């Protein structure tokens, strides 16, 4: 119903949500979702079972229009997690085929390239956002799994890059990766100016990424 109020008022209304905010690795995934056909079971992903999201997505990506945006781990470091988040969100709206006259954005304090509004707990106040919530999360998880493929020594399919005990084990044992968020404190902690220069000399990170994390590295213990 919340959706319908805004639908009647503003016209085409997209729901937006993102996943991967609190992660130590990988990009942040945002999803924009416009939908008219009803989908029973709609609810914020984190209440659902991983396998149910799966069946709800197949359904969602059949009755709805969906845009997907991502922001690079490099962009998180250079821009911060928040602007990287808005950036990802705006890339989703961009990828959406339907151009909404209005957006419902989960959270607070986010203003996108499309006039809209910000709902706290929006992912459980709105069906569109709850749906955008399931798209982001599943798509993200998928990105992380194939990262276990690219870095076999890493349980990215289990911990999704988050600060779990075993993720921190895999980092101390195996080292820090370019896809880790180098500005994120637990990583900054383990990283050395020596590995940082290597990343750069290998052409793995950017000159701008290097300068930041380097300046961040020397700023430690302050």
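Positions refer to the first chain, counted from 1.
Mean temperature factor over C-alpha atoms, higher-scoring stretch between 83 to 91 and 137 to 145: The stretch with the larger average C-alpha B-factor is 137 to 145.
Higher-scoring stretch by recorded Cα B factor average, 34 to 42 or 154 to 162: Going by the record's values, the stretch with the higher mean is 34 to 42.
Would you mind finding, among 70, 51, 182, 190, the residue with the largest C-alpha temperature factor in the entry? If I rank 70, 51, 182, 190 by C-alpha B-factor, first place goes to 51.
Looking at the entry's B-factor column for C-alpha atoms only, identify whether residue 211 ranks in the lowest, middle or highest third of its chain. Lowest third.
Can you tell me whether residue 131 has a C-alpha B-factor in the lowest, middle or highest third compared with the other modelled residues of the same chain? According to the entry, residue 131 has a C-alpha B-factor in the chain's middle third.
Which third, lowest, middle or highest, does the CA B-factor of residue 22 fall in along this chain? According to the entry, residue 22 has a C-alpha B-factor in the chain's lowest third.
Lowest, middle or highest third of the chain for the C-alpha temperature factor of residue 104? Middle third by C-alpha B-factor.
CA B-factor placement of residue 123, once the chain's modelled residues are sorted into thirds: It belongs to the highest third of the chain when residues are ordered by C-alpha B-factor.
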